[PDB]
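Asker: show me how the following folds:
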Amino acid sequence: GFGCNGXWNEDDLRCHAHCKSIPXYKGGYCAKXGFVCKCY
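Answerer: Numbering: from 1, shown residues only. Structure as follows:
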């Protein structure tokens, strides 16, 4: 995943990095057992 590779591998930092790299987003929080990278 995009940093979110599960409960024991929840790198929301990298999820944020990912989403920040996407235009129209400013960040990205890691959700759903640390599996879903959700950009905002």
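Asker: over to the residue nearest in space to the middle of the chain: give its phi and psi.
Answerer: In the chain, the centroid-proximal residue (Cα atoms, centre = their mean) is residue 15; its distance is 2.4 Å. Torsion angles at residue 15 (phi, psi; degrees, to the nearest 10) stand at phi -60, psi -40.
Asker: check contacts around it.
Answerer: 2, 3, 4, 28, 29, 30, 37, 38, 39 (Cβ atoms under 8 Å, 6 or more residues apart in numbering). In this view, the C-beta of every residue, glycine as well, is placed from N, C-alpha and C.
Asker: was I right about the fourth one contacting residue 16?
Answerer: Yes. Between residue 28 and residue 16 there is a contact under Cβ atoms under 8 Å: 5.0 Å.
Asker: neighbour count winner among these two?
Answerer: Legend: neighbour count by other Cβ atoms under 10 Å for residue 28 and residue 16, higher for residue 28 (25 against 21).
Asker: nearest spatial neighbour of the more buried one, skipping sequence neighbours?
Answerer: Excluding its sequence neighbours, the residue lying closest to residue 28 (Cβ to Cβ, 6 or more residues apart in numbering) is residue 19, at 2.9 Å.
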